[PDB]
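Before any comments, here is the structure.
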Amino acid sequence: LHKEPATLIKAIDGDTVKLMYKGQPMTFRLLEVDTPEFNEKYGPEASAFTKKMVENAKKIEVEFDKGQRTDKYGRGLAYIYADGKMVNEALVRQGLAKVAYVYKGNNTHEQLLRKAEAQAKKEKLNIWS
Ligand SMILES: Cc1cn([C@H]2C[C@H](OP(=O)(O)O)[C@@H](COP(=O)(O)O)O2)c(=O)[nH]c1=O
Ligand SMILES: [Ca+2]
């Protein structure tokens with residue numbers, strides 16, 4: 001897998017972000033994770049977390065997996081990096097997301113993410129409290 005550039009258009013919530021990719025606006029859905037909806041417990045905290053991480057980033061990158069690049073709603077499916085740190089992984093590590101929606105095409109970072117979850121759960125963080 002490889003990283004490609006993109007620029008923030010707008011934060012949406014824990015696991016969706018509007019980015020410009022190859023000069024086109026596109027809503028991206030984070031691969032292999034699930035945040036609570038804003039209306040749910042830790043939704044606001046997940047939203048604020050991703051928002052801060054994407055707004056403070058100098059360099060946003062997107063990384064497609066080996067499978068489907070678009071979901072049935074037209075959202076881009078990627079791992080999103082903020083100055084070299086994966087947002088997908090950072091949410092899991094803080095207990096603001098669960099590893100989820102792990103489909104066979106698009107599972108290159110599964111183990112990495114599950115490691116981060118196992119340590120969030122260990123530390124009883126947020127969702128795991
Ligand atoms: C993360 C991800 C979600 N989706 C779809 C499955 C879910 O379908 P349904 O809408 O039918 O429940 C939905 C979950 O995203 P949200 O958590 O953003 O709702 O998006 C994919 O198809 N591929 C993916 O990699
Ligand atoms: Ca969600």
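Values in this text are rule-based calculations from the coordinates and carry no lab data. Positions of Cβ are backbone-derived with ideal geometry, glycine not excepted, and every protein chain shown enters the neighbour counts.
Suppose only helical runs count, i.e. DSSP H with n ≥ 4. What mean residue ellipticity at 222 nm does that imply for the chain under -39500 (n - 2.57) per run, divided by all residues and rounded to the nearest 500 deg cm²/dmol?
Values: 3 runs with 34 residues, N = 129.
For the chain, the value works out to -8000 deg cm²/dmol.
Report the gain in length on full extension from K59 to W128: 0.36 nm times residue separation, minus Cα-Cα distance, nm rounded to one decimal.
Working: separation 69, 0.36 × 69 = 24.84 nm, distance 3.06 nm.
Full extension from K59 to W128 adds 21.8 nm.
So if each residue of separation counts as 0.36 nm, and I subtract the Cα-Cα distance between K41 and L1, what length gain in nm does that give?
Value of the extension gain: 11.0 nm.
If you average the sequence gap of Cα pairs under 8 Å that are 6 or more apart and divide by the length of the chain, what percent do you get for the contact order?
It rounds to 26 percent for the chain.
Distance from the Cα centre of the range 1-27 to that of the range 28-62, in angstrom?
12 Å
Whole-Hz Karplus ³J(HN,Hα) for the range 12-19, in order, using 6.51 cos²θ - 1.76 cosθ + 1.60 and θ = phi - 60°, x for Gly and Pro?
10, 8, x, 10, 10, 8, 8, 10
First select every other residue whose beta carbon is under 12 angstrom from the beta carbon of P44; then total the charges, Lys and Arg +1, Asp and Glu -1. If you can, show how the numbers build up before the last one.
Details: positive: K41, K51; negative: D13, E37, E40, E45.
Summing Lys and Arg as +1 and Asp and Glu as -1 gives -2.
For the chain, take the longest principal axis of its alpha carbons; what is the angle in degrees between that and the long axis of helix 43-56, to the nearest 10 within 0 to 90?
50 degrees
Output ³J(HN,Hα) for the range 77-93: one whole-Hz value per residue in order, computed from phi by the Karplus curve 6.51 cos²θ - 1.76 cosθ + 1.60 with θ = phi - 60°, and x for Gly and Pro.
With coefficients 6.51, -1.76 and 1.60, one gets 10, 7, 8, 10, 10, 10, 6, x, 8, 6, 4, 3, 5, 5, 4, 4, 5 Hz.
Only bridges whose two residues both fall in the chain count here: according to DSSP, what percent of them are antiparallel, nearest 5?
90 percent
Got a sec? Charge dipole of the chain, +1 on Cβ for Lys and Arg, -1 for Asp and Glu; which of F64, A97, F38 is way out at the positive end?
Sorting the options by dipole projection puts first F64.
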